[PDB]
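What follows is work.cif (mmCIF, C-alpha atoms).
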```cif
data_model
#
loop_
_atom_site.label_atom_id
_atom_site.label_comp_id
_atom_site.auth_asym_id
_atom_site.auth_seq_id
_atom_site.Cartn_x
_atom_site.Cartn_y
_atom_site.Cartn_z
CA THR F 84 0.00 0.00 0.00
CA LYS F 85 2.85 2.37 0.86
CA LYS F 86 4.44 1.94 -2.58
CA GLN F 87 1.14 2.42 -4.45
CA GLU F 88 0.93 6.00 -3.22
CA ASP F 89 4.22 6.57 -5.07
CA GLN F 90 3.07 5.04 -8.36
CA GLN F 91 -0.25 6.94 -8.22
CA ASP F 92 1.66 10.20 -7.70
CA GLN F 93 4.02 9.29 -10.56
CA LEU F 94 1.07 8.69 -12.89
CA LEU F 95 -0.74 11.87 -11.82
CA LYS F 96 2.49 13.77 -12.41
CA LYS F 97 2.87 12.17 -15.83
CA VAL F 98 -0.71 13.07 -16.76
CA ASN F 99 -0.34 16.64 -15.55
CA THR F 100 2.89 17.00 -17.56
CA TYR F 101 1.10 15.70 -20.66
CA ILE F 102 -1.72 18.22 -20.13
CA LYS F 103 0.89 20.99 -19.78
CA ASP F 104 2.98 19.92 -22.80
CA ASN F 105 -0.08 19.67 -25.04
CA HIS F 106 -1.76 22.88 -23.76
CA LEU F 107 -4.92 21.04 -22.69
CA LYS F 108 -5.45 22.84 -19.35
CA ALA F 109 -8.59 24.65 -20.57
CA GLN F 110 -10.16 21.38 -21.76
CA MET F 111 -9.49 18.93 -18.96
CA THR F 112 -8.32 18.55 -15.40
CA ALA F 113 -6.75 15.56 -13.68
CA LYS F 114 -7.00 14.39 -10.10
CA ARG F 115 -6.25 11.37 -7.94
CA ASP F 116 -8.75 9.55 -5.77
CA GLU F 117 -9.52 6.04 -4.58
CA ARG F 118 -10.46 4.99 -8.12
CA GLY F 119 -7.06 5.96 -9.48
CA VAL F 120 -6.10 8.95 -11.65
CA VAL F 121 -9.14 10.67 -13.17
CA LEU F 122 -9.37 12.96 -16.21
CA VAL F 123 -12.45 15.21 -15.91
CA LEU F 124 -14.01 16.66 -19.08
CA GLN F 125 -16.88 19.10 -18.84
CA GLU F 126 -19.80 18.37 -21.17
CA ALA F 127 -19.13 21.41 -23.36
CA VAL F 128 -15.83 20.04 -24.73
CA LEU F 129 -17.47 16.78 -25.95
CA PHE F 130 -21.25 17.08 -26.59
CA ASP F 131 -24.21 19.33 -27.31
CA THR F 132 -26.72 19.67 -24.47
CA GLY F 133 -28.96 16.62 -24.10
CA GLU F 134 -27.05 14.80 -26.85
CA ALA F 135 -24.53 11.97 -26.67
CA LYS F 136 -22.82 12.15 -30.07
CA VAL F 137 -19.17 13.16 -29.92
CA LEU F 138 -18.77 16.45 -31.78
CA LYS F 139 -16.41 16.61 -34.73
CA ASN F 140 -14.40 19.33 -32.94
CA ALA F 141 -13.92 17.07 -29.89
CA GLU F 142 -12.10 14.47 -32.00
CA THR F 143 -8.74 16.21 -31.67
CA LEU F 144 -9.07 16.29 -27.89
CA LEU F 145 -10.06 12.61 -27.68
CA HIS F 146 -7.17 11.74 -30.01
CA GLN F 147 -4.72 13.52 -27.69
CA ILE F 148 -6.18 11.59 -24.78
CA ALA F 149 -5.89 8.35 -26.74
CA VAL F 150 -2.20 9.02 -27.37
CA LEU F 151 -1.71 9.29 -23.62
CA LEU F 152 -3.74 6.13 -22.83
CA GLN F 153 -1.74 4.19 -25.44
CA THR F 154 1.44 4.58 -23.35
CA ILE F 155 0.05 3.09 -20.12
CA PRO F 156 -1.38 -0.38 -19.44
CA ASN F 157 -4.17 0.44 -16.98
CA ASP F 158 -7.81 -0.46 -17.51
CA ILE F 159 -9.95 2.58 -18.27
CA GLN F 160 -13.41 3.29 -16.85
CA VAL F 161 -15.31 6.07 -18.64
CA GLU F 162 -18.11 7.49 -16.48
CA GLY F 163 -21.01 9.63 -17.71
CA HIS F 164 -22.68 12.08 -15.30
CA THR F 165 -25.64 14.44 -15.80
CA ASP F 166 -27.16 17.17 -13.73
CA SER F 167 -30.60 16.53 -12.25
CA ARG F 168 -32.49 18.35 -15.02
CA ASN F 169 -35.10 16.41 -16.97
CA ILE F 170 -34.05 16.89 -20.61
CA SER F 171 -35.68 13.64 -21.73
CA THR F 172 -36.15 12.86 -25.43
CA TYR F 173 -37.06 9.89 -27.60
CA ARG F 174 -33.42 8.84 -27.98
CA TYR F 175 -32.48 9.46 -24.30
CA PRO F 176 -35.65 8.93 -22.23
CA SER F 177 -33.83 9.63 -18.95
CA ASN F 178 -30.55 10.74 -17.43
CA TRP F 179 -29.61 7.09 -16.99
CA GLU F 180 -29.69 6.59 -20.75
CA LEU F 181 -28.02 9.92 -21.52
CA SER F 182 -25.13 9.38 -19.09
CA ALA F 183 -24.54 5.82 -20.30
CA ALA F 184 -24.71 6.93 -23.95
CA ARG F 185 -22.05 9.62 -23.35
CA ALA F 186 -19.66 7.19 -21.65
CA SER F 187 -20.16 4.55 -24.35
CA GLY F 188 -19.84 7.12 -27.16
CA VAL F 189 -16.43 8.18 -25.85
CA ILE F 190 -15.37 4.53 -25.69
CA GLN F 191 -16.66 3.91 -29.21
CA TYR F 192 -14.35 6.70 -30.38
CA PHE F 193 -11.34 5.28 -28.50
CA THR F 194 -11.86 1.74 -29.83
CA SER F 195 -13.25 2.21 -33.34
CA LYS F 196 -11.37 5.35 -34.42
CA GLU F 197 -8.18 5.23 -32.34
CA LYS F 198 -8.03 1.40 -32.24
CA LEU F 199 -7.38 1.13 -28.52
CA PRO F 200 -8.35 -2.42 -27.48
CA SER F 201 -11.95 -2.84 -26.35
CA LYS F 202 -10.88 -5.06 -23.46
CA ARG F 203 -9.31 -2.05 -21.69
CA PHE F 204 -12.64 -0.22 -21.31
CA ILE F 205 -15.84 -0.21 -19.24
CA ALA F 206 -18.70 2.26 -19.86
CA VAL F 207 -20.38 3.56 -16.71
CA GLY F 208 -23.45 5.75 -16.39
CA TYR F 209 -24.34 7.43 -13.10
CA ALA F 210 -27.24 9.71 -14.22
CA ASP F 211 -27.34 12.47 -11.56
CA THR F 212 -26.43 10.30 -8.59
CA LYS F 213 -22.87 11.69 -8.11
CA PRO F 214 -23.01 15.51 -8.16
CA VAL F 215 -19.84 17.48 -7.54
CA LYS F 216 -21.74 19.57 -4.98
CA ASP F 217 -25.48 19.57 -5.72
CA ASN F 218 -28.02 20.78 -8.27
CA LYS F 219 -29.25 23.87 -6.41
CA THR F 220 -27.69 26.44 -8.77
CA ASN F 221 -27.02 26.70 -12.50
CA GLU F 222 -23.27 26.70 -11.86
CA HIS F 223 -23.46 23.56 -9.75
CA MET F 224 -25.53 21.73 -12.38
CA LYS F 225 -23.10 22.80 -15.09
CA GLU F 226 -20.13 21.25 -13.32
CA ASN F 227 -22.17 18.06 -12.78
CA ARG F 228 -22.40 17.55 -16.56
CA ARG F 229 -19.12 15.82 -17.24
CA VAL F 230 -17.32 12.69 -18.40
CA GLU F 231 -14.67 11.24 -16.07
CA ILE F 232 -12.01 9.02 -17.63
CA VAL F 233 -10.73 6.88 -14.77
CA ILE F 234 -7.25 5.39 -15.17
CA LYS F 235 -7.86 2.50 -12.80
CA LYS F 236 -5.43 1.24 -10.18
CA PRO R 81 -8.97 -17.08 8.01
CA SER R 82 -12.53 -17.40 9.28
CA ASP R 83 -13.14 -13.90 7.87
CA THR R 84 -12.70 -15.10 4.28
CA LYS R 85 -14.86 -18.12 5.05
CA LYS R 86 -17.40 -15.92 6.88
CA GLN R 87 -17.90 -13.57 3.92
CA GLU R 88 -18.00 -16.46 1.44
CA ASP R 89 -20.54 -18.35 3.59
CA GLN R 90 -22.70 -15.19 3.68
CA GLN R 91 -22.52 -14.95 -0.10
CA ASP R 92 -23.53 -18.63 -0.28
CA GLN R 93 -26.61 -17.83 1.82
CA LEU R 94 -27.50 -14.85 -0.37
CA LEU R 95 -27.28 -16.94 -3.55
CA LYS R 96 -29.34 -19.67 -1.90
CA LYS R 97 -32.03 -17.11 -1.06
CA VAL R 98 -32.02 -15.80 -4.63
CA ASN R 99 -32.25 -19.29 -6.15
CA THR R 100 -35.10 -20.13 -3.77
CA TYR R 101 -36.87 -16.93 -4.85
CA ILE R 102 -36.48 -17.93 -8.51
CA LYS R 103 -37.76 -21.42 -7.71
CA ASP R 104 -40.69 -20.36 -5.52
CA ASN R 105 -41.87 -17.80 -8.05
CA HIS R 106 -41.53 -20.15 -11.05
CA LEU R 107 -38.95 -17.93 -12.78
CA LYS R 108 -36.44 -20.60 -13.81
CA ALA R 109 -37.23 -20.25 -17.51
CA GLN R 110 -36.58 -16.50 -17.41
CA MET R 111 -33.53 -15.99 -15.18
CA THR R 112 -30.65 -17.73 -13.46
CA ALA R 113 -28.41 -16.71 -10.61
CA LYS R 114 -24.71 -17.21 -9.90
CA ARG R 115 -22.01 -15.61 -7.83
CA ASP R 116 -18.42 -14.59 -8.38
CA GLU R 117 -15.99 -12.00 -7.01
CA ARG R 118 -18.45 -9.19 -7.82
CA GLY R 119 -21.26 -10.54 -5.66
CA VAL R 120 -24.48 -12.44 -6.41
CA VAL R 121 -25.63 -11.97 -10.00
CA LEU R 122 -28.99 -12.40 -11.74
CA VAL R 123 -28.61 -13.27 -15.44
CA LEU R 124 -31.34 -12.41 -17.95
CA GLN R 125 -30.89 -13.37 -21.59
CA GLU R 126 -31.71 -10.46 -23.90
CA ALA R 127 -34.91 -11.96 -25.28
CA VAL R 128 -36.65 -11.83 -21.89
CA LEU R 129 -36.20 -8.02 -21.79
CA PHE R 130 -35.67 -6.50 -25.26
CA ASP R 131 -36.33 -7.01 -28.90
CA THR R 132 -33.31 -7.55 -31.17
CA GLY R 133 -30.93 -4.58 -31.35
CA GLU R 134 -33.24 -2.42 -29.22
CA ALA R 135 -32.97 -1.11 -25.66
CA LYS R 136 -36.66 -0.43 -24.98
CA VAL R 137 -37.83 -2.71 -22.17
CA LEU R 138 -40.68 -4.87 -23.47
CA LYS R 139 -44.10 -4.57 -21.88
CA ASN R 140 -44.01 -8.37 -21.44
CA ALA R 141 -40.96 -8.00 -19.16
CA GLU R 142 -42.67 -5.72 -16.64
CA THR R 143 -43.98 -8.67 -14.61
CA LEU R 144 -40.51 -10.24 -14.38
CA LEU R 145 -38.88 -6.91 -13.54
CA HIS R 146 -41.47 -6.28 -10.85
CA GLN R 147 -40.69 -9.63 -9.22
CA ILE R 148 -36.99 -8.74 -9.31
CA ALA R 149 -37.67 -5.31 -7.77
CA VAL R 150 -39.55 -6.98 -4.90
CA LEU R 151 -36.46 -9.11 -4.27
CA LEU R 152 -34.13 -6.11 -4.50
CA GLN R 153 -36.31 -4.20 -2.04
CA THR R 154 -35.44 -6.72 0.72
CA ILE R 155 -31.66 -6.24 0.63
CA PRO R 156 -29.55 -3.09 1.14
CA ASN R 157 -26.78 -3.76 -1.39
CA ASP R 158 -25.79 -1.48 -4.24
CA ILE R 159 -26.99 -2.83 -7.59
CA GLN R 160 -24.86 -2.76 -10.74
CA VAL R 161 -26.77 -3.46 -13.97
CA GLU R 162 -24.49 -4.65 -16.77
CA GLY R 163 -25.29 -4.85 -20.47
CA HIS R 164 -23.51 -7.39 -22.68
CA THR R 165 -23.54 -8.17 -26.40
CA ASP R 166 -21.94 -10.93 -28.45
CA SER R 167 -18.93 -10.23 -30.64
CA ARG R 168 -20.88 -9.69 -33.88
CA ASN R 169 -20.45 -6.09 -35.03
CA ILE R 170 -23.90 -4.69 -35.73
CA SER R 171 -24.66 -0.98 -35.79
CA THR R 172 -27.83 1.04 -36.29
CA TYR R 173 -28.72 4.71 -36.46
CA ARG R 174 -29.57 4.90 -32.74
CA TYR R 175 -26.93 2.43 -31.43
CA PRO R 176 -23.77 2.94 -33.54
CA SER R 177 -22.02 0.06 -31.76
CA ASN R 178 -22.18 -2.72 -29.19
CA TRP R 179 -20.80 -0.27 -26.61
CA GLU R 180 -23.83 1.98 -26.96
CA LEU R 181 -26.38 -0.84 -27.21
CA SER R 182 -25.00 -2.57 -24.12
CA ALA R 183 -24.98 0.63 -22.04
CA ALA R 184 -28.46 1.60 -23.24
CA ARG R 185 -29.84 -1.76 -22.18
CA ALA R 186 -28.37 -1.47 -18.69
CA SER R 187 -29.68 2.13 -18.46
CA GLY R 188 -33.15 1.12 -19.62
CA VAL R 189 -33.46 -1.53 -16.93
CA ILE R 190 -32.37 0.94 -14.21
CA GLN R 191 -34.80 3.56 -15.53
CA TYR R 192 -37.60 1.01 -15.23
CA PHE R 193 -36.53 0.13 -11.67
CA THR R 194 -36.32 3.76 -10.57
CA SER R 195 -39.23 5.31 -12.47
CA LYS R 196 -41.77 2.45 -12.36
CA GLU R 197 -40.83 0.41 -9.30
CA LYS R 198 -39.64 3.45 -7.30
CA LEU R 199 -36.37 1.96 -6.10
CA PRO R 200 -34.01 4.83 -5.22
CA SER R 201 -31.66 6.03 -7.94
CA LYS R 202 -28.66 6.05 -5.61
CA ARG R 203 -28.63 2.26 -5.40
CA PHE R 204 -27.77 1.80 -9.07
CA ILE R 205 -24.88 1.97 -11.51
CA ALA R 206 -25.31 1.40 -15.25
CA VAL R 207 -22.49 -0.58 -16.89
CA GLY R 208 -21.88 -1.37 -20.57
CA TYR R 209 -19.36 -4.06 -21.52
CA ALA R 210 -20.05 -4.49 -25.28
CA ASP R 211 -18.55 -7.94 -26.08
CA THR R 212 -15.61 -7.78 -23.69
CA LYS R 213 -17.02 -10.22 -21.07
CA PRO R 214 -18.49 -13.33 -22.69
CA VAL R 215 -20.03 -16.00 -20.50
CA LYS R 216 -17.48 -18.34 -22.05
CA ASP R 217 -16.52 -17.29 -25.58
CA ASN R 218 -17.97 -16.46 -29.00
CA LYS R 219 -16.92 -19.66 -30.76
CA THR R 220 -20.45 -20.99 -31.39
CA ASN R 221 -23.88 -19.54 -32.11
CA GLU R 222 -25.12 -20.87 -28.75
CA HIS R 223 -22.28 -19.18 -26.88
CA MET R 224 -23.04 -15.92 -28.71
CA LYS R 225 -26.74 -16.17 -27.77
CA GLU R 226 -26.01 -16.64 -24.06
CA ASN R 227 -23.58 -13.68 -24.26
CA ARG R 228 -26.42 -11.28 -25.24
CA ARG R 229 -27.67 -10.64 -21.74
CA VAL R 230 -28.18 -8.27 -18.84
CA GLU R 231 -26.54 -9.08 -15.51
CA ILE R 232 -27.98 -7.57 -12.33
CA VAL R 233 -25.15 -7.58 -9.81
CA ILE R 234 -26.03 -7.52 -6.11
CA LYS R 235 -22.71 -5.98 -5.07
CA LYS R 236 -20.70 -7.18 -2.08
#
```
Conversion result in structure tokens:
Amino acid sequence: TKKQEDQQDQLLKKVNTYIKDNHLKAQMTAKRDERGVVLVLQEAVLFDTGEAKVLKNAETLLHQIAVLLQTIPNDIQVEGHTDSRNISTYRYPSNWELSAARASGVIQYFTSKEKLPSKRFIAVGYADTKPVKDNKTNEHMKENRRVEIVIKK
Amino acid sequence: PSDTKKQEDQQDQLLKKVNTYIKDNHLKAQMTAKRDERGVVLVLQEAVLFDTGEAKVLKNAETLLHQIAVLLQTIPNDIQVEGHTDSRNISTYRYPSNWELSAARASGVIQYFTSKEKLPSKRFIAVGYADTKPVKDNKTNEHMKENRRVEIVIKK
């Protein structure tokens, strides 16, 4: 356990150096928690509101993330999170479906376009069950709309 | 030493209760149960829940899902619903890939549980595995059929 704090710090340092070197600080942030090292991407850099298709302009960002993931062996868990708003549609009848569609759409890009191996990935949808703070203000809901790319321990 | 055995014995009792529930309610043709390192797992082949390539829960399945919700109501565990496909690459306009179909199927089950059966949202996690976790492999049509499934994981 004492040596796995060192390797988690090494990885977080490597990810933060990659973000610096590639000038990605406005598009993503990285952190460390019990899951491992986590890249957080706000909804606006990947999708339109209430949609789960990866925007053409997000492809460069996901490519740069793929380049990083290609150099490490860890399994990758992509989590989708929504705010608590009801923006239901025919394609996404609830936040469960929307959050799971966003996670799986990111993974579809990583595996089908960037050719990272499917076996490294798990798609996870949390709907609105894991807010950053809450959904009591517009700013709090906006930060709840995110994808988290978890570089698993 | 007795702690490993204690936890494993408790998991044995949980699986026994689930199997007895399946038996007593005459559900053997629709679902099976097993356990592994994740916990105790209910397995539902896709045809008891969905039509082919779709993630809309069938009206037929509402009775089965209600009986499962009654079971889930009696235990406190977190519930992880996993969607699985076989390895055959099919797309569609709404589900461009097995990743999206598998996650939409897990999501659709949870949405039924939380909207229609009123189980609390915070108990659930939706998981999509595409074809990465076969029951055994994809070497035969019958193995591919059993791979198209939803697993409801009663987490440890």
Which residue out of R:167, R:153, R:110, R:82 has the minimum interatomic distance to residue R:218 when all atoms listed in the file are used?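 For residue R:218, the nearest of the candidates is R:167.
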Radius query 8 Å about (-24.6, -5.7, -7.9), atoms used: only C-alpha atoms, as a PyMOL selection string: chain R and resi 118-121+157-161+232-236
Give me the residues of chain F that have any atom at most 9 Å from an atom of chain R; for each, the nearest atom pair and the distance in Å, rounded to one decimal. Use all atoms listed in the file, sort by chain and number, and format it as a Markdown table.
```
| residue | atom | partner | partner_atom | distance |
| --- | --- | --- | --- | --- |
| F:174 | CA | R:174 | CA | 7.3 |
| F:175 | CA | R:184 | CA | 8.9 |
| F:176 | CA | R:188 | CA | 8.6 |
| F:177 | CA | R:191 | CA | 7.0 |
| F:178 | CA | R:191 | CA | 8.6 |
| F:179 | CA | R:187 | CA | 5.2 |
| F:180 | CA | R:187 | CA | 5.0 |
| F:181 | CA | R:184 | CA | 8.5 |
| F:182 | CA | R:187 | CA | 8.6 |
| F:183 | CA | R:183 | CA | 5.5 |
| F:184 | CA | R:180 | CA | 5.9 |
| F:185 | CA | R:180 | CA | 8.6 |
| F:186 | CA | R:183 | CA | 8.5 |
| F:187 | CA | R:180 | CA | 5.2 |
| F:188 | CA | R:180 | CA | 6.5 |
| F:190 | CA | R:179 | CA | 7.3 |
| F:191 | CA | R:179 | CA | 6.4 |
| F:201 | CA | R:212 | CA | 6.7 |
| F:202 | CA | R:212 | CA | 5.5 |
| F:203 | CA | R:212 | CA | 8.7 |
| F:204 | CA | R:209 | CA | 7.7 |
| F:205 | CA | R:209 | CA | 5.7 |
| F:206 | CA | R:208 | CA | 4.9 |
| F:207 | CA | R:207 | CA | 4.7 |
| F:208 | CA | R:206 | CA | 4.9 |
| F:209 | CA | R:205 | CA | 5.7 |
| F:210 | CA | R:201 | CA | 8.5 |
| F:211 | CA | R:201 | CA | 8.6 |
| F:212 | CA | R:202 | CA | 5.6 |
| F:213 | CA | R:202 | CA | 8.5 |
```
Straight-line distance linking atom CA of residue F:147 with atom CA of residue F:227, stated in Å to one decimal: 23.4 Å
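Residue nearest residue R:111 within the list R:147, R:154, R:84, R:90: R:147 [criterion: smallest interatomic distance, only C-alpha atoms].
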Can you pull out every residue within 10 Å of stretch 115-122 of chain F, counting all atoms listed in the file, but drop anything in the same chain fewer than 5 positions away, and send it as a PDB file with C-alpha atoms, in the frame of the given file?
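Saved as selection28.pdb:
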```
ATOM      1  CA  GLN F  91      -0.250   6.940  -8.220  1.00  0.00           C
ATOM      2  CA  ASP F  92       1.660  10.200  -7.700  1.00  0.00           C
ATOM      3  CA  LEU F  94       1.070   8.690 -12.890  1.00  0.00           C
ATOM      4  CA  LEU F  95      -0.740  11.870 -11.820  1.00  0.00           C
ATOM      5  CA  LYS F  96       2.490  13.770 -12.410  1.00  0.00           C
ATOM      6  CA  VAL F  98      -0.710  13.070 -16.760  1.00  0.00           C
ATOM      7  CA  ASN F  99      -0.340  16.640 -15.550  1.00  0.00           C
ATOM      8  CA  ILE F 148      -6.180  11.590 -24.780  1.00  0.00           C
ATOM      9  CA  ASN F 157      -4.170   0.440 -16.980  1.00  0.00           C
ATOM     10  CA  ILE F 159      -9.950   2.580 -18.270  1.00  0.00           C
ATOM     11  CA  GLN F 160     -13.410   3.290 -16.850  1.00  0.00           C
ATOM     12  CA  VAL F 161     -15.310   6.070 -18.640  1.00  0.00           C
ATOM     13  CA  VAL F 230     -17.320  12.690 -18.400  1.00  0.00           C
ATOM     14  CA  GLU F 231     -14.670  11.240 -16.070  1.00  0.00           C
ATOM     15  CA  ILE F 232     -12.010   9.020 -17.630  1.00  0.00           C
ATOM     16  CA  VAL F 233     -10.730   6.880 -14.770  1.00  0.00           C
ATOM     17  CA  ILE F 234      -7.250   5.390 -15.170  1.00  0.00           C
ATOM     18  CA  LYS F 235      -7.860   2.500 -12.800  1.00  0.00           C
ATOM     19  CA  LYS F 236      -5.430   1.240 -10.180  1.00  0.00           C
TER      20      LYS F 236
END
```
Would you list the contacts of residue F:129 as a PyMOL selection string, taking every protein, DNA or RNA residue within 7 Å and counting only C-alpha atoms, but skipping same-chain residues closer than 4 positions in sequence? chain F and resi 137-138+141
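You will find atom CA of residue F:164 at 24.3 Å from atom CA of residue R:172.
Using the PyMOL selection byres ((chain F and resi 128) around 10) on this structure selects residues 109, 110, 111, 124, 125, 126, 127, 129, 130, 131, 137, 138, 140, 141, 142, 144, 145, 229 and 230 of chain F.
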Work out how far atom CA of residue R:134 is from atom CA of residue F:173, in Å to one decimal.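 These atoms are spaced 13.0 Å apart.
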Out of F:195, F:154, F:132, F:84, which residue has the shortest atom-to-atom distance to residue F:169 when counting all atoms listed in the file?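 Checking each candidate against residue F:169, we get F:132 as the closest.
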Using all atoms listed in the file, pick whichever of F:198, F:139, F:114, F:103 has the shortest atom-to-atom distance to residue F:153.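 Closest to residue F:153 of all the choices is F:198.
Ranking F:89, F:197, F:166, F:134 by their shortest atom-to-atom distance to residue F:151, with all atoms listed in the file included, puts F:197 first.
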Selected residue of minimal separation from residue R:142 among R:97, R:196, R:114, R:225, counting only C-alpha atoms: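 Counting only C-alpha atoms, the residue closest to residue R:142 is R:196.
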Can you sort out the box for stretch 102-121 of chain F, edges along x, y and z, all listed atoms in, 8 Å on every side, with centre and edge lengths in Å to one decimal, as lines of an AutoDock Vina configuration file?
```
center_x = -3.7
center_y = 14.8
center_z = -14.8
size_x = 29.4
size_y = 35.7
size_z = 36.5
```
If the PyMOL selection byres ((chain R and resi 109) around 12) is run on the structure shown, which residues does it catch, given as a VMD selection string? chain R and resid 102 to 103 105 to 108 110 to 113 123 to 125 127 to 128 144
File contents for stretch 101-113 of chain F with N, CA, C and O atoms as a CSV table (one decimal), in the first residue's frame:
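Saved file decode_21.csv follows:
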```csv
chain,number,residue,atom,x,y,z
F,101,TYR,N,1.7,15.8,-19.3
F,101,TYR,CA,1.1,15.7,-20.7
F,101,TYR,C,0.1,16.8,-20.9
F,101,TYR,O,0.1,17.4,-22.0
F,102,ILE,N,-0.8,17.1,-20.0
F,102,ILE,CA,-1.7,18.2,-20.1
F,102,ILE,C,-1.0,19.5,-20.4
F,102,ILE,O,-1.3,20.3,-21.2
F,103,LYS,N,0.1,19.8,-19.6
F,103,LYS,CA,0.9,21.0,-19.8
F,103,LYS,C,1.5,21.0,-21.2
F,103,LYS,O,1.4,22.0,-21.9
F,104,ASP,N,2.2,19.9,-21.6
F,104,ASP,CA,3.0,19.9,-22.8
F,104,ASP,C,2.1,20.1,-24.0
F,104,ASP,O,2.5,20.6,-25.0
F,105,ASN,N,0.8,19.6,-23.9
F,105,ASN,CA,-0.1,19.7,-25.0
F,105,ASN,C,-1.1,20.8,-24.9
F,105,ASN,O,-2.0,20.9,-25.8
F,106,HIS,N,-0.9,21.7,-23.9
F,106,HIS,CA,-1.8,22.9,-23.8
F,106,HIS,C,-3.2,22.5,-23.7
F,106,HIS,O,-4.1,23.1,-24.4
F,107,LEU,N,-3.6,21.5,-22.9
F,107,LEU,CA,-4.9,21.0,-22.7
F,107,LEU,C,-5.6,21.5,-21.4
F,107,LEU,O,-6.6,21.1,-21.0
F,108,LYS,N,-5.0,22.5,-20.7
F,108,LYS,CA,-5.5,22.8,-19.4
F,108,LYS,C,-6.9,23.5,-19.4
F,108,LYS,O,-7.6,23.3,-18.4
F,109,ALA,N,-7.3,24.1,-20.5
F,109,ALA,CA,-8.6,24.7,-20.6
F,109,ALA,C,-9.6,23.6,-20.9
F,109,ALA,O,-10.8,23.9,-20.8
F,110,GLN,N,-9.2,22.4,-21.3
F,110,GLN,CA,-10.2,21.4,-21.8
F,110,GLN,C,-10.3,20.2,-20.8
F,110,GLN,O,-11.3,19.5,-20.9
F,111,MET,N,-9.4,20.1,-19.9
F,111,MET,CA,-9.5,18.9,-19.0
F,111,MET,C,-8.7,19.2,-17.7
F,111,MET,O,-7.7,20.0,-17.7
F,112,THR,N,-9.1,18.5,-16.6
F,112,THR,CA,-8.3,18.5,-15.4
F,112,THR,C,-8.1,17.1,-14.9
F,112,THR,O,-8.9,16.2,-15.3
F,113,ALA,N,-7.0,16.9,-14.2
F,113,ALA,CA,-6.8,15.6,-13.7
F,113,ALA,C,-6.7,15.6,-12.2
F,113,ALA,O,-6.3,16.6,-11.6
```
